[PDB]
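For reference, model-v6.pdb is printed below; it contains PDB, C-alpha atoms.
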ATOM      1  CA  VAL A   1     -10.047 -12.706   6.586
ATOM      2  CA  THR A   2     -11.777 -12.082   3.255
ATOM      3  CA  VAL A   3     -12.467  -9.050   1.097
ATOM      4  CA  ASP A   4     -15.007  -9.592  -1.692
ATOM      5  CA  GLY A   5     -14.213 -13.304  -1.527
ATOM      6  CA  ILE A   6     -10.455 -12.720  -1.664
ATOM      7  CA  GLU A   7      -8.622 -14.318   1.257
ATOM      8  CA  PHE A   8      -5.796 -12.419   2.936
ATOM      9  CA  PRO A   9      -3.457 -14.756   4.805
ATOM     10  CA  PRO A  10      -2.607 -13.902   8.433
ATOM     11  CA  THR A  11       1.085 -13.688   7.568
ATOM     12  CA  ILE A  12       3.210 -13.172   4.467
ATOM     13  CA  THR A  13       6.916 -13.365   3.799
ATOM     14  CA  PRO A  14       7.525 -10.856   0.962
ATOM     15  CA  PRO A  15       9.135 -12.129  -2.253
ATOM     16  CA  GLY A  16      12.898 -12.518  -1.930
ATOM     17  CA  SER A  17      12.785 -11.751   1.815
ATOM     18  CA  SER A  18      13.123 -13.634   5.125
ATOM     19  CA  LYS A  19      10.995 -11.817   7.704
ATOM     20  CA  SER A  20       7.360 -12.792   8.209
ATOM     21  CA  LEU A  21       4.876  -9.923   8.317
ATOM     22  CA  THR A  22       1.440  -9.974   9.919
ATOM     23  CA  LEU A  23      -1.882  -8.782   8.524
ATOM     24  CA  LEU A  24      -2.951  -5.439  10.020
ATOM     25  CA  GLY A  25      -6.069  -4.946   7.911
ATOM     26  CA  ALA A  26      -7.591  -5.069   4.466
ATOM     27  CA  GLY A  27     -10.069  -3.109   2.399
ATOM     28  CA  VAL A  28     -10.839  -2.076  -1.174
ATOM     29  CA  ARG A  29     -10.202   0.582  -3.767
ATOM     30  CA  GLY A  30     -13.686   1.573  -4.781
ATOM     31  CA  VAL A  31     -14.938   3.877  -7.474
ATOM     32  CA  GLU A  32     -18.399   5.198  -8.185
ATOM     33  CA  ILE A  33     -20.758   4.724 -11.106
ATOM     34  CA  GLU A  34     -23.722   7.076 -10.637
ATOM     35  CA  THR A  35     -23.432   6.804  -6.818
ATOM     36  CA  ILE A  36     -23.080   2.991  -6.959
ATOM     37  CA  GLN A  37     -19.910   1.734  -5.271
ATOM     38  CA  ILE A  38     -17.782  -0.583  -7.454
ATOM     39  CA  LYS A  39     -14.826  -2.540  -6.052
ATOM     40  CA  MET A  40     -11.731  -2.379  -8.267
ATOM     41  CA  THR A  41      -9.065  -3.912  -6.030
ATOM     42  CA  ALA A  42      -8.590  -5.527  -2.649
ATOM     43  CA  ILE A  43      -5.768  -4.123  -0.511
ATOM     44  CA  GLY A  44      -4.048  -5.820   2.428
ATOM     45  CA  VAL A  45      -1.539  -4.166   4.775
ATOM     46  CA  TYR A  46       1.157  -6.166   6.560
ATOM     47  CA  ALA A  47       3.928  -5.163   8.983
ATOM     48  CA  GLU A  48       6.353  -6.452  11.603
ATOM     49  CA  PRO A  49       3.905  -7.378  14.412
ATOM     50  CA  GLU A  50       5.241  -7.199  17.976
ATOM     51  CA  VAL A  51       7.726  -4.785  16.437
ATOM     52  CA  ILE A  52       5.404  -2.097  15.070
ATOM     53  CA  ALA A  53       3.269  -2.268  18.221
ATOM     54  CA  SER A  54       6.451  -1.005  19.970
ATOM     55  CA  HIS A  55       6.195   2.213  17.919
ATOM     56  CA  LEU A  56       2.482   2.663  18.654
ATOM     57  CA  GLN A  57       2.279   2.497  22.459
ATOM     58  CA  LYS A  58       0.755   5.984  22.640
ATOM     59  CA  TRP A  59      -2.316   4.541  20.889
ATOM     60  CA  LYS A  60      -2.959   1.740  23.385
ATOM     61  CA  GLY A  61      -6.504   1.860  24.749
ATOM     62  CA  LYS A  62      -7.970   3.745  21.782
ATOM     63  CA  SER A  63     -10.866   2.204  19.848
ATOM     64  CA  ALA A  64     -10.696   1.728  16.075
ATOM     65  CA  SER A  65     -12.944   4.770  15.609
ATOM     66  CA  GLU A  66     -10.726   6.917  17.833
ATOM     67  CA  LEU A  67      -7.701   5.922  15.714
ATOM     68  CA  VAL A  68      -9.512   6.637  12.443
ATOM     69  CA  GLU A  69     -10.131  10.180  13.711
ATOM     70  CA  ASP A  70      -6.475  10.947  14.436
ATOM     71  CA  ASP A  71      -4.317  11.604  11.371
ATOM     72  CA  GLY A  72      -1.333  11.345  13.708
ATOM     73  CA  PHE A  73      -2.005   7.633  14.078
ATOM     74  CA  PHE A  74      -1.622   6.908  10.372
ATOM     75  CA  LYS A  75       1.366   9.270  10.291
ATOM     76  CA  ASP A  76       2.973   7.146  13.011
ATOM     77  CA  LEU A  77       2.225   3.996  11.028
ATOM     78  CA  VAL A  78       3.665   5.458   7.841
ATOM     79  CA  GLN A  79       6.830   6.734   9.558
ATOM     80  CA  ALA A  80       7.505   3.658  11.705
ATOM     81  CA  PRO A  81      10.923   2.143  10.847
ATOM     82  CA  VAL A  82       9.687  -1.414  10.343
ATOM     83  CA  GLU A  83       9.124  -3.586   7.276
ATOM     84  CA  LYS A  84       5.743  -3.162   5.627
ATOM     85  CA  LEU A  85       3.927  -4.814   2.751
ATOM     86  CA  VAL A  86       0.872  -3.904   0.711
ATOM     87  CA  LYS A  87      -0.649  -6.798  -1.208
ATOM     88  CA  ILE A  88      -3.124  -5.926  -3.934
ATOM     89  CA  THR A  89      -5.519  -8.312  -5.655
ATOM     90  CA  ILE A  90      -7.119  -6.986  -8.807
ATOM     91  CA  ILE A  91     -10.912  -7.386  -8.851
ATOM     92  CA  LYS A  92     -11.679  -5.555 -12.122
ATOM     93  CA  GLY A  93      -8.944  -5.848 -14.714
ATOM     94  CA  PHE A  94      -6.509  -3.055 -15.548
ATOM     95  CA  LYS A  95      -4.204  -2.672 -18.484
ATOM     96  CA  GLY A  96      -0.680  -2.105 -17.176
ATOM     97  CA  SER A  97      -0.770   1.397 -18.612
ATOM     98  CA  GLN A  98      -4.012   2.086 -16.765
ATOM     99  CA  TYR A  99      -2.861   0.857 -13.391
ATOM    100  CA  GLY A 100       0.525   2.547 -13.659
ATOM    101  CA  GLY A 101      -1.080   5.723 -14.955
ATOM    102  CA  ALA A 102      -3.514   5.872 -12.035
ATOM    103  CA  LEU A 103      -0.759   5.112  -9.576
ATOM    104  CA  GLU A 104       1.478   7.780 -11.140
ATOM    105  CA  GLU A 105      -1.191  10.426 -10.620
ATOM    106  CA  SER A 106      -1.727   9.565  -6.958
ATOM    107  CA  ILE A 107       2.008   9.686  -6.309
ATOM    108  CA  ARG A 108       2.531  12.895  -8.298
ATOM    109  CA  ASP A 109      -0.346  14.510  -6.417
ATOM    110  CA  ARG A 110       1.209  13.602  -3.043
ATOM    111  CA  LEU A 111       4.673  14.781  -4.096
ATOM    112  CA  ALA A 112       3.205  18.079  -5.313
ATOM    113  CA  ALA A 113       1.462  18.488  -1.946
ATOM    114  CA  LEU A 114       4.898  18.207  -0.334
ATOM    115  CA  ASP A 115       6.532  20.343  -3.052
ATOM    116  CA  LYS A 116       8.846  17.388  -3.724
ATOM    117  CA  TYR A 117       8.134  16.772  -7.422
ATOM    118  CA  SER A 118      11.647  17.586  -8.612
ATOM    119  CA  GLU A 119      13.587  15.990 -11.461
ATOM    120  CA  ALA A 120      14.824  13.013  -9.407
ATOM    121  CA  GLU A 121      11.322  12.095  -8.203
ATOM    122  CA  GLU A 122       9.797  12.655 -11.653
ATOM    123  CA  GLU A 123      12.332  10.292 -13.234
ATOM    124  CA  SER A 124      11.944   7.641 -10.534
ATOM    125  CA  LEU A 125       8.170   7.765 -10.828
ATOM    126  CA  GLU A 126       8.372   7.460 -14.609
ATOM    127  CA  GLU A 127      10.428   4.268 -14.199
ATOM    128  CA  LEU A 128       7.711   2.868 -11.930
ATOM    129  CA  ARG A 129       5.006   3.802 -14.438
ATOM    130  CA  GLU A 130       6.971   2.148 -17.238
ATOM    131  CA  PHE A 131       7.362  -0.975 -15.125
ATOM    132  CA  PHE A 132       3.606  -1.360 -14.899
ATOM    133  CA  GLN A 133       3.094  -0.440 -18.554
ATOM    134  CA  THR A 134       4.905  -3.685 -19.453
ATOM    135  CA  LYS A 135       2.432  -5.693 -17.338
ATOM    136  CA  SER A 136      -1.146  -6.871 -17.723
ATOM    137  CA  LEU A 137      -3.314  -6.923 -14.599
ATOM    138  CA  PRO A 138      -6.441  -9.004 -15.199
ATOM    139  CA  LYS A 139      -8.873  -9.998 -12.453
ATOM    140  CA  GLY A 140      -7.040 -12.178  -9.942
ATOM    141  CA  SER A 141      -3.621 -10.618 -10.565
ATOM    142  CA  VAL A 142      -1.587  -9.653  -7.523
ATOM    143  CA  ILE A 143       0.854  -6.851  -6.781
ATOM    144  CA  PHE A 144       3.303  -6.881  -3.875
ATOM    145  CA  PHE A 145       4.616  -3.522  -2.657
ATOM    146  CA  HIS A 146       7.326  -4.232  -0.066
ATOM    147  CA  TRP A 147       9.026  -1.481   1.968
ATOM    148  CA  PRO A 148      11.931  -3.108   3.785
ATOM    149  CA  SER A 149      12.495   0.374   5.207
ATOM    150  CA  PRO A 150      10.525   3.595   4.763
ATOM    151  CA  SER A 151      13.048   4.844   2.168
ATOM    152  CA  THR A 152      13.056   1.788  -0.101
ATOM    153  CA  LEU A 153      10.512  -0.149  -2.111
ATOM    154  CA  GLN A 154      10.441  -3.482  -3.941
ATOM    155  CA  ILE A 155       7.707  -4.459  -6.380
ATOM    156  CA  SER A 156       6.564  -7.758  -7.799
ATOM    157  CA  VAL A 157       3.577  -8.887  -9.833
ATOM    158  CA  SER A 158       1.883 -12.227 -10.495
ATOM    159  CA  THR A 159      -0.859 -12.755 -13.064
ATOM    160  CA  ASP A 160      -2.148 -15.980 -11.474
ATOM    161  CA  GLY A 161      -2.103 -14.610  -7.918
ATOM    162  CA  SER A 162       0.798 -16.733  -6.666
ATOM    163  CA  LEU A 163       3.665 -15.408  -4.549
ATOM    164  CA  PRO A 164       6.711 -14.560  -6.700
ATOM    165  CA  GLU A 165      10.035 -16.071  -5.595
ATOM    166  CA  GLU A 166      11.800 -12.708  -5.864
ATOM    167  CA  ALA A 167      11.088  -9.000  -6.223
ATOM    168  CA  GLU A 168      11.185  -7.780  -9.827
ATOM    169  CA  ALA A 169      11.736  -4.039  -9.489
ATOM    170  CA  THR A 170      12.972  -1.471  -6.993
ATOM    171  CA  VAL A 171      12.158   2.177  -6.373
ATOM    172  CA  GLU A 172      15.358   3.761  -5.126
ATOM    173  CA  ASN A 173      13.948   7.251  -4.531
ATOM    174  CA  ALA A 174      12.911   7.719  -0.915
ATOM    175  CA  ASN A 175      10.317  10.404  -1.636
ATOM    176  CA  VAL A 176       8.585   8.265  -4.281
ATOM    177  CA  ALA A 177       8.704   5.231  -1.970
ATOM    178  CA  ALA A 178       7.133   7.221   0.890
ATOM    179  CA  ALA A 179       4.551   8.824  -1.403
ATOM    180  CA  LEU A 180       3.352   5.427  -2.609
ATOM    181  CA  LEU A 181       2.740   4.252   0.950
ATOM    182  CA  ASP A 182       0.723   7.457   1.439
ATOM    183  CA  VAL A 183      -1.529   6.431  -1.484
ATOM    184  CA  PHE A 184      -2.813   3.707   0.831
ATOM    185  CA  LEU A 185      -2.353   5.063   4.372
ATOM    186  CA  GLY A 186      -2.077   8.824   3.875
ATOM    187  CA  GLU A 187      -4.794  11.369   4.607
ATOM    188  CA  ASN A 188      -5.668  11.442   0.878
ATOM    189  CA  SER A 189      -5.885   7.630   0.694
ATOM    190  CA  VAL A 190      -7.493   5.715  -2.180
ATOM    191  CA  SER A 191      -8.939   3.309   0.415
ATOM    192  CA  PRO A 192     -10.544   4.640   3.589
ATOM    193  CA  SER A 193     -11.855   1.107   4.109
ATOM    194  CA  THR A 194      -8.317  -0.317   4.300
ATOM    195  CA  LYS A 195      -7.383   2.401   6.790
ATOM    196  CA  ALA A 196     -10.434   1.600   8.933
ATOM    197  CA  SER A 197      -9.529  -2.096   8.902
ATOM    198  CA  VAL A 198      -5.913  -1.374   9.836
ATOM    199  CA  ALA A 199      -7.122   0.803  12.732
ATOM    200  CA  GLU A 200      -9.282  -2.096  13.896
ATOM    201  CA  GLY A 201      -6.390  -4.542  13.607
ATOM    202  CA  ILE A 202      -3.948  -2.311  15.448
ATOM    203  CA  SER A 203      -6.499  -1.475  18.157
ATOM    204  CA  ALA A 204      -6.924  -5.227  18.758
ATOM    205  CA  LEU A 205      -3.182  -5.917  18.707
ATOM    206  CA  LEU A 206      -2.418  -3.172  21.223
ATOM    207  CA  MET A 207      -4.913  -4.581  23.733
TER     208      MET A 207
END
Please rewrite the model in this file as structure tokens.
Amino acid sequence: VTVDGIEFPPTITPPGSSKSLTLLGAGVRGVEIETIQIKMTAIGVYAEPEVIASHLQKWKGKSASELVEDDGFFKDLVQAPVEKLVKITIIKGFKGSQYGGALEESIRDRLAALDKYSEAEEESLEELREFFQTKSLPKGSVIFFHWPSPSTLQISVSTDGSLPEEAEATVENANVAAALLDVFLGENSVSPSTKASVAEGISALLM
């Protein structure tokens, strides 16, 4: 599986962890320049395989397009109590401040939508922003967002694209952790293409 020349392996064991996760799908974060689509990042979604399929039986038989059209499907995916991983490969370079700043806005927007941007979430999110501000994210850099459970989140970064031995940072706040997963798989996702690919992967896995 490749996205803009970037290979996504069929399985990944997250940094510092023991359980192997399987590729559900991959897409891109695109932006527009005068209607021209520009790829900024490649995004791959991984989860416990036979396991998550056991939380998605109601979707068996549905085509990828049928799943794309049901927000309840992605809600099920987001809420499923299994390990998940998002692997990001940077295509166009970001300063750490830029990537963290963009990510902060998407998360703040989601938390506001839920009326959950209180002091605890604001402080947790600021720690996540500051984490990225200390990083540089040139082309080829990778980010691993690992949710061992829906309420927890571990982050690691690698400039050269290699798999870190261990996770570097943790988001302890459950609402911030959930909101970040929504950046990728929520209704207001930064990557409809990733969602479409995940729907295709899950449709195939179920049948």
Apply the PyMOL selection byres ((chain A and resi 131-146) around 9) to the file shown and report the selected residues as number ranges by chain. A: 6, 14-15, 41, 83-101, 126-130, 147-149, 152-164, 167, 169, 181
Could you state the separation of atom CA of residue 191 of chain A and atom CA of residue 27 of chain A in Å, given to one decimal place? 6.8 Å
Hey, can you check how far atom CA of residue 73 of chain A sits from atom CA of residue 57 of chain A?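 Computed distance, atom CA of residue 73 of chain A to atom CA of residue 57 of chain A, equals 10.7 Å.
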Residues at most 7 Å from residue 23 of chain A, counting all atoms listed in the file, excluding those fewer than 6 positions away in the same chain, as a list in words? residues 10, 11, 45, 46 and 47 of chain A
Would you output that residue set with C-alpha atoms, as a CSV table (one decimal), in the coordinates of the input?
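Okay, this is what ended up in part.csv:
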chain,number,residue,atom,x,y,z
A,10,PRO,CA,-2.6,-13.9,8.4
A,11,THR,CA,1.1,-13.7,7.6
A,45,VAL,CA,-1.5,-4.2,4.8
A,46,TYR,CA,1.2,-6.2,6.6
A,47,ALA,CA,3.9,-5.2,9.0
Name every residue that the PyMOL selection byres ((chain A and resi 60-69) around 9) selects in this structure, writing the answer as number ranges by chain with chains first and numbers rising. A: 56-59, 70-74, 195-207
Go ahead and write the residues just picked, C-alpha atoms, as a tab-separated table (two decimals), in the frame of the given file.
chain	number	residue	atom	x	y	z
A	56	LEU	CA	2.48	2.66	18.65
A	57	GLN	CA	2.28	2.50	22.46
A	58	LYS	CA	0.76	5.98	22.64
A	59	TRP	CA	-2.32	4.54	20.89
A	70	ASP	CA	-6.48	10.95	14.44
A	71	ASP	CA	-4.32	11.60	11.37
A	72	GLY	CA	-1.33	11.34	13.71
A	73	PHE	CA	-2.00	7.63	14.08
A	74	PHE	CA	-1.62	6.91	10.37
A	195	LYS	CA	-7.38	2.40	6.79
A	196	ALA	CA	-10.43	1.60	8.93
A	197	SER	CA	-9.53	-2.10	8.90
A	198	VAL	CA	-5.91	-1.37	9.84
A	199	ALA	CA	-7.12	0.80	12.73
A	200	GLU	CA	-9.28	-2.10	13.90
A	201	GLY	CA	-6.39	-4.54	13.61
A	202	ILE	CA	-3.95	-2.31	15.45
A	203	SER	CA	-6.50	-1.48	18.16
A	204	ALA	CA	-6.92	-5.23	18.76
A	205	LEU	CA	-3.18	-5.92	18.71
A	206	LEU	CA	-2.42	-3.17	21.22
A	207	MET	CA	-4.91	-4.58	23.73
I'd like the box whose edges run along x, y and z of the file and which contains every listed atom of segment 152-170 of chain A, padded by 4 Å per side; could you state its centre and edge lengths in Å, one decimal, as lines of an AutoDock Vina configuration file?
center_x = 5.5
center_y = -7.5
center_z = -6.6
size_x = 23.2
size_y = 26.5
size_z = 21.0
Find the spatial neighbours of residue 150 of chain A, counting all atoms listed in the file, within a cut-off of 12 Å - ignore same-chain residues fewer than 6 positions away - and output them as a PDB file with C-alpha atoms, in the frame of the given file.
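Output contents, as saved in selection_30.pdb:
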ATOM      1  CA  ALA A  47       3.928  -5.163   8.983  1.00  0.00           C
ATOM      2  CA  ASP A  76       2.973   7.146  13.011  1.00  0.00           C
ATOM      3  CA  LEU A  77       2.225   3.996  11.028  1.00  0.00           C
ATOM      4  CA  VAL A  78       3.665   5.458   7.841  1.00  0.00           C
ATOM      5  CA  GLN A  79       6.830   6.734   9.558  1.00  0.00           C
ATOM      6  CA  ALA A  80       7.505   3.658  11.705  1.00  0.00           C
ATOM      7  CA  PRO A  81      10.923   2.143  10.847  1.00  0.00           C
ATOM      8  CA  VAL A  82       9.687  -1.414  10.343  1.00  0.00           C
ATOM      9  CA  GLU A  83       9.124  -3.586   7.276  1.00  0.00           C
ATOM     10  CA  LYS A  84       5.743  -3.162   5.627  1.00  0.00           C
ATOM     11  CA  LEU A  85       3.927  -4.814   2.751  1.00  0.00           C
ATOM     12  CA  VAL A 171      12.158   2.177  -6.373  1.00  0.00           C
ATOM     13  CA  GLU A 172      15.358   3.761  -5.126  1.00  0.00           C
ATOM     14  CA  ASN A 173      13.948   7.251  -4.531  1.00  0.00           C
ATOM     15  CA  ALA A 174      12.911   7.719  -0.915  1.00  0.00           C
ATOM     16  CA  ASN A 175      10.317  10.404  -1.636  1.00  0.00           C
ATOM     17  CA  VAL A 176       8.585   8.265  -4.281  1.00  0.00           C
ATOM     18  CA  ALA A 177       8.704   5.231  -1.970  1.00  0.00           C
ATOM     19  CA  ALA A 178       7.133   7.221   0.890  1.00  0.00           C
ATOM     20  CA  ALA A 179       4.551   8.824  -1.403  1.00  0.00           C
ATOM     21  CA  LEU A 180       3.352   5.427  -2.609  1.00  0.00           C
ATOM     22  CA  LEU A 181       2.740   4.252   0.950  1.00  0.00           C
ATOM     23  CA  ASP A 182       0.723   7.457   1.439  1.00  0.00           C
TER      24      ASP A 182
END
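Here, the PyMOL selection byres ((chain A and resi 28) around 8) matches residues 3, 26, 27, 29, 30, 39, 40, 41, 42, 43, 191, 193 and 194 of chain A.
Reported to one decimal place, the separation of atom CA of residue 24 of chain A from atom CA of residue 44 of chain A is 7.7 Å.
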Using all atoms listed in the file, which of A:166, A:48, A:32, A:104 sits nearest residue 117 of chain A?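 Using all atoms listed in the file, residue 117 of chain A sits closest to A:104.
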Pick from A:55, A:19, A:75, A:186 nearest to residue 113 of chain A, counting all atoms listed in the file: A:186
